[PDB]
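In the form deposited in one PDB entry, a lone chain appears below as C-alpha cells.
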C-alpha cells in the first residue's frame, strides 16, 4: 500500500479500454471546440446572472474550474445530443458538482421540504431554489419517463451529499453501505436517462432499451469514475470516504482487495454492456458506445485525474500493458487535449462584474 499499484492499474485500464473497444470516432477536434465553446458560453452567462451569483455560495475560482470540467464531461460523452442539450445539461451537472462545497447542514432548510413543495413555494435551501428553477430547461429535452429519472437521481444526490457531511464510511460489518452510498451520490439514473433526448429517441418505442441502459450504465458509469479517480485519490488524506475506502472500512479488507473488487465489477460491467447492446438498435448502441469512450477520454484528458503522470512514467517502458496504455492515451490526447483558451472564455467572473 506504500507504492501505487502501477502495473495492476495499467493492466485493468487497458482491459477496460479493450472490453469497450476504445477507438477513433467521427467526433473531430473542430466539432469538439465548437461544442465546448457553445456549452461553456451559455452556462457561463447563466452562472454570471446576479440571482445565481448570490444564492450560489462558491468560490469564483472553483466555480470556474468546476464549470470547465463539467462542460468537458458533457461535451465529450453526450456526443450525440444537440448543442442546446449539452449546454443545459452542463448547467445542471455543474450545480451538482458545486453542492459538494457546502458544509451547511441541510437539516434547517429541509424541515419544510414537502409542505413547501406541495404548496408551490420556493425551497428554503438556496441550491434547491436555483436547481428547481432551472430544471425545466433540462427536462424540456426529454419525455416523461426519462424526466422522472433525472428528477429522482437529483433528489438522491442531494441526500448523498447530506450523508457525506458526516464523513462516515460505514460501520465495520455493514457490507451493504458502500454501494448504498455510491448510488445515492452517483447520479446514475440522471446520467443514464439524459442520454436519450426525445428529439432523437422515442421514449415509448425504446422503453426497454432505455430502462436497461439506465440500469447497466448506472454501475458502469460510477465504477469507471471510481477507478480512474483511484490514482489521484491514492494519497489524498483529505478525500476520506470513496467507494474503495468504504469497502476497506465496511468490509474489513485491504485497500488492495477493495481495488480488486472494484476492477472486477468494472470489467464485468463492461463485458455485459457490450454483450447486451451490440445487436440492439444501432442508434442506441451508438449513444452507449460514444458515452463510454468519451467518458474515458474525459478522465484521460482532464488535469483533475493527473493520469498524464502515469503516461510520463511508462512512456518508454517496453512492457505489453505500458505500451497499450500509452497508445490509448495518445489517441485520447489526439482528440481530447484542448487548451481552455480555445473555448472557455470569457471567465464567469468577468461576465458577473459586467
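Numbering follows the first chain given and starts at 1. Throughout, rigid core stands for the largest set of C-alpha atoms superposing within 1.5 Å between the two forms.
The same protein also exists as the form deposited in another entry; that form is not shown, yet it is the one meant from here on.
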| query | Just one of 40, 47, 295, 325 has a C-alpha that shifts by 2 Å or more between the shown form and the other one on a rigid core fit; which is it? | reply | 325
| Exceeds or equals 2 Å, Cα of residue 100 between the shown form and the other one, core fit | yes
| Residue shift check between the shown form and the other one, rigid core fit, residue 232 Cα at least 2 Å | yes
| said: Rigid core superposed, CA of residue 315 - does it shift 2 Å or more between the shown form and the other one? | reply: yes
